[PDB]
RNA sequence: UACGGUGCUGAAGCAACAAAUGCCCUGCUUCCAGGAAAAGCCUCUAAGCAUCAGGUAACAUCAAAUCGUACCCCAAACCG
RNA sequence: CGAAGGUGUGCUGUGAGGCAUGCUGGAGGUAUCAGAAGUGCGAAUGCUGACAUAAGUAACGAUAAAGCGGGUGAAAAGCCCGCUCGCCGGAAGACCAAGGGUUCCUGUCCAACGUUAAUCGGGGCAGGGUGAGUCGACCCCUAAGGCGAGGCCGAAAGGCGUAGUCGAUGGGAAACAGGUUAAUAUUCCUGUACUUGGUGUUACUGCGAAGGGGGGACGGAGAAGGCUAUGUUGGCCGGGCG
RNA sequence: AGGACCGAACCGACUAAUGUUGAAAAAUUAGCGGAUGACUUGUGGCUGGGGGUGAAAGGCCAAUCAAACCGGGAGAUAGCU
RNA sequence: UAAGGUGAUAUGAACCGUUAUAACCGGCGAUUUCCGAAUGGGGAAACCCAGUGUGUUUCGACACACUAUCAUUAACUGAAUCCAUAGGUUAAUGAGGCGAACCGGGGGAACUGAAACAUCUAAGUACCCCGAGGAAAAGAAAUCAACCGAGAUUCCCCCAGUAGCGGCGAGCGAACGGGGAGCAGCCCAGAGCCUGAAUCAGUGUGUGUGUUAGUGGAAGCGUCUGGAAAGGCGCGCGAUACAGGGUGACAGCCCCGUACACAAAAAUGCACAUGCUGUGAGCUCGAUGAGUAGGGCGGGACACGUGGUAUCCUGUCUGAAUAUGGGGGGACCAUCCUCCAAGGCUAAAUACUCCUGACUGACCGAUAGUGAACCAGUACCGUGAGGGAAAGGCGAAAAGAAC
C-alpha cells in the first residue's frame, strides 16, 4: 500500500528548507523559536 | 494606506451597538478623496489624498503653507 | 606573492596503497592527498614547482570519510581530495 | 606560591610510613607529590609484546598529597612550616619558627 | 625565532625567510606523512615561526 | 602454477531468408477537439567605427574549470 | 573497642508505636522541650521501573526442494568447492534516475544483531576503493509558477504587480571500440576521432544590436514502403565418432 | 471511424475463501471490470481550516475530518464518575 | 606570577624551560575560511556565476579593492514641453538584523461566572504588530478645593469594599483628603541693550575612587585504638583569622583560604578641576498658540452600561471669542472661587533579569531539583510546526587482578 511519505529532496528543501523559512516573516519567527529552544539541527537544509 | 495626507486621519475602530446593545466590532473610515490642486508657486497641478476637513484646511490656510508642513513631515505631494 | 605560498600549501601527503603502487608501476602516475579546494591547475603547478618533474595531466577526486562509531558517539571523518598525477616517461 | 618544590627533602606526617623521609621526584597538577622509597605499590604489569616485556610484579612509587608531606628542617630533627618572605628582590621561602632562609 | 630577533629584520628578508619557512614546513610534513620524523614536534614549532613572521608582515609593513 | 589463474599463440570470420513497437518519421494521409515559449543558429541594418576595429577562411599554440561517479535500485540497502 | 540503613530475636504499651540486642554494614545520628510542615497510601481502567501468570505454549514470515562428497573449525543441513535435482526467464535477468549513504572489496572476530546454529553475513573492528573537454550536474534559454526596484492598495503585519530575475519535468556543441584491478571504468591504458572558445601569424573584405525577419516549432489516429537491431538455416574453420 | 469489440501491460476493486495478538493498521489466492480515452502516469507548481477541493459520499485534505495538526489562553468548566 | 608544561576521556612518543620572552593569567593589538540583516546577481544555507579598475605576469592566469535597497543632502545631468519639473548618474551621511523580562502605542478574542443566556463579566487579559530606553512613560495646572487654601509628575500605606455604577443581577469599584519616598524647573511663538555672561552635551590634561592579573597572611606535640588520626588521653599556642573547602575517620595550629595590609605597566567606569567647539546669560518692552474650544449624529475612556450625566478622546458635519476675553468647580442657571487650552523639553523616587561576582536558605538530594548533576534539547518519534526521554557513586590511592 502506498504510504504517505514518498520522499524527494527537491520538494523537501523547497518547502521546509532554510531559505524558504528565511524569506518569510513567520519563517524567521519559527527559526528564532528553534534557536531560542536551542535545537542542534535547525531545519532540514542538511 | 487610508490616511489623510494633510491632517492624518487614521481609520479608527469602534463598537457597533444595536438596539439591544449587542456589540459588534466595526471600523470608522475617513472621507478620503484624491484631489488635484493648483499651486501658482509651482504653477501646476499636484495630487493629494485628503479628507473634507482637510479640504477646509486647504481652504483656510494657504496651500504653500500646507505643502511646507507636509515637507516638514517628510511626506510625498 | 601568496601564489607561491598557495602552491606550497596545497600538497599534503603522498599516498601509499595497492592501487597506488599498481598505477605507479604501470603508467608512472603518483597518487597524492591534497588540500580541500586544491584545483587541477594548482596541483599540477605545485608538483612541477616542488618535485621538479614533468606532468601530463591530473585526475582529481573527492572521497568522503566513513561515518564511524566510537562507543555511542558517531563521528564522520575528514573529507579529503586525492589526485593522480601522470608524469611523463 | 607552592610551599614544597622539586628537589626538597621532606617527611610525611599522615601515613603508614609516618616519620620516614625522602627526596621529591615530581609534583603533579593534582596536588600530589611523589617521594622516593616512601610509597611503594605492587603493580601487576600486564606486558605488551611490542615494547620491553617485564611481566612480573613490579614496584612503583605512588602519590601522596602535598598537605601530608612537610619540609624537613634538616637542623632541628623534625618538620617545620614554611612561609614566603621578601628577601632581595626575588620572593623566597623561609622556615618558620626560626629565622632561616632555605 | 625569538621576537626581537625578528623585530630588527627587514621586509624583503622577511619575505624570503617566510618562503624558506614554508618550504621547510613542506619537507617536514612530507617526511612525517611518509613514516620518518622520530621528532614530530619540529613540525609544530615550524608552524609557530610562520605565524610570527606573518605577524610582523602586518606590523613592519603597516596596520 | 599462490592453484585461482597469469603470460604465449590463434583457423574461419561469408551467404540466403525472416524481421520488429526501433530509424526514414519532430514524415504522408485524414479527423476536429485546431494541437508550448525564448536562446544557441542564419540573415538585415541603426547609433557609432572608420590606416584600424572587427569579420571570413587557413595555420600554429593554448584551454575546456568545479561538483556526482563505490553499492542496491520492483529490493534484506527506497517508503511501510 | 562500630552510627544511619538492612535483617532477625526478645521484652514493653490500651494503640499509632518504643526499647534492648545477634548478624550485615562502614560514618554518620541526635535526647528533652518547643517551632515549621512537599507529614503517614491498598484501591484512583493512577504514573515510572523491576518481575510474575498464560508457557517452555502459539509461532519461526509464501507449499520454488533439496541430496551427497571434499574443505575449514572445538563444533557443519545452512559457509567455500564440486556433481546432480528444482524455480524465474516481458523476471526472481542486465543497467539507471528518484531515494538511501559506505551497505562495495580484503584481512580479522562471533559477546549483541540474524525469529535456531554459524567458522558466515548488508553485524563489530581496521584497511582499501568513487580518476571525465565529449555521459550527468553547474552554464545559456524559457512553461506552470515564485520573488519582485519603482508603482497601486492595505490600521500595522502585508496583498497584488511592471521592468527584471529565478524556475526542467522541455530546447543548446562535442567519443567510440577493445583491454585491465578484489573493489572504478564511454573517466585509467591502446588505437582511431570530434566539438567550442582564446591568442598570434597569413590572405580577402565593411563590421556593428537590445531592433527587424527566418529557424527552433511541436495534436490524435491510420496505413504502407524502405531498412536495421536481431534470429534461423546453409557454407567456412576447429574438435568428435561416442 | 468509434467515450466500438475480445484481450496482456497499466488502472481499479464485483464475488468467494484464507486472514483477524496477519506475512499486511486493508493484503493474498481463484475468478472480475475498463484497457485510444470523461484514460493512466513521472516530474515541478497552485488552492488551506468555517477555509480548499469535490462527475456530490458530508467524501478527502499526511493511517486523524458534521470542521486538520501544533503551540497558547488553560490548572477552561464539570450540579457527573 | 612562575618551576613546571604540551585543554579533557587518555596513556604514550617527541621536546620545551628551572632565575627567568617554558607554561597559566590580564589589558590592548593583528589574523578572523564559508553561510548568516548578507549587502555584486542568484540559490535547494554553509554554494554557483560575475562585472569595473589596479598591478604581477614565466603570457596559460593570478591577488586585492569596490559594486545591494531605501531615507537625507550635495553636485553633474535631465523628457512629452520654450522654460521648469518628474526622471537618471556619482559621492557623502544614516538606516537594516539578533535579544529574556519590563514600558508606550496600533489591533484585540473566546472558554468561564451570571448555577440557561443575548446587556454585563472574563478583559483591554491572552495573542499579533510597531518603537525606544537602561528604564520607559507621564510631567510644570485652561488642576483640586471650599469661601478656608494648597502647588508639576510618579510610586507605597490609608480613605474604602466607602460614595457610586449594574438584566440594580453576577460583579466592577472611585475620588477629595491624610502619612511617607523623591524633589526642579523651563524655553519658542520677539525685538533693542548682548556676543564665550548662569548651563549642558563632546574633547584632552590633572587628582582620587573603583574594575579587569595578583601578593603577604598567624599559631603543636607525645601516647592508645586502628588500615590511616584530624578521634580518646595529656600538655601548649594563635585569634581584627573558630566563614569555608580538602587532607587515608570529625583539624583554629597539615594545605588552600578568611579577617587584615596592600597592588597597575595598559585600558576604561565614576565624580571632581582645568582649558577648546556650539549654545545663550539678564533687563526695558509687545505678544500669549483657529478649522481650534463649543456644538448636532455614531462610538470609545474615566468606578460611571445614555442614564437626570458633567470631563476627555474623537470617525462625520459645522463652527466662536481671542484677556473690556475664555475654561473649570458632576444636569442646568446667576453670583463668587481659581486657572489661561488649541507649542514643546525635563533628573530622582518606579517594573524588570538574557547575563557578571559574592553571599544566604527550618529549599531538593537522583522517580526529588531545571527537561538535562552524566558529551541533553541529545537519542528517538513527526513531512512539518512541534513533541522529547533513559542515564550519578570501586577504592584513600588503580595498587584495575603479574603468573
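Taking the Kirkwood radius as Rh and the Cα radius of gyration as Rg, chain D has a ratio of Rg/Rh equal to 1.11. Max-minus-min Cα coordinates of chain E on each principal axis give 41, 18, 17 Å, with the largest extent listed first.
Treating the angle as unsigned and between 0 and 90°, give the value, to the nearest 10°, between the Cα long axis of helix B:63-72 and the longest Cα principal axis of chain B. Here the helix axis deviates by roughly 70 degrees. Nearest 10 degrees is fine. How inclined is helix C:40-50 to the longest principal axis of chain C, computing both from alpha carbons? With both axes taken from Cα atoms, the answer is about 70 degrees. Our summary gives the range D:32-84 a relative contact order of 34 percent, counting only alpha carbon pairs under 8 angstrom and 6 or more residues apart. Normalised by the number of residues in chain A, the mean separation of alpha-carbon contacts (under 8 Å, six or more apart) gives a relative contact order of 40 percent.
Evaluate E = 1/(1 + (r/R0)^6) for residue C:86 and residue A:30, where r is the Cβ-Cβ distance and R0 equals 41 Å; express this FRET efficiency to the nearest 0.05. Efficiency at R0 = 41 Å is approximately 0.20. For chain D, relative contact order (Cα pairs under 8 Å, six or more residues apart, normalised by length) works out to 22 percent.
Rg then Dmax, both in Å and based on the Cα atoms of chain A: 12.5, 40. Taking every DSSP helix (H) stretch of at least 4 residues in the protein assembly as shown, weighting each as -39,500 (n - 2.57) and dividing the sum by the residue count yields a mean residue ellipticity at 222 nm of -9500 deg cm²/dmol.
Calculated on the alpha-carbon coordinates, the convex hull of chain B measures out at 99 cubic angstrom per residue. Mean projected area of the convex hull spanned by the Cα atoms of the protein assembly as shown, taken over all viewing directions: 54.0 nm². For the range D:5-58, the C-alpha radius of gyration divided by 2.2 N^0.38 Å, with N the number of residues, is 1.46. Expressed per residue, the C-alpha convex hull volume of chain C stands at 102 Å³.
Rounded to the nearest 10 degrees, the inclination of helix A:25-37 to the longest alpha-carbon principal axis of chain A is 80 degrees. Using a 10 angstrom cutoff on alpha carbons, build the Gaussian network for chain D and name the most mobile of D:17, D:88, D:80. Of the options given, D:88 has the highest mean-square fluctuation. Between the C-alpha center of the range C:1-77 and that of the range D:49-102 there is a gap of 54 Å.
Cβ: placed from backbone, ideal geometry, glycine included. Neighbour counts: every protein chain shown. Readers should treat all values here as calculations from the given coordinates under stated rules, not as data from a laboratory.
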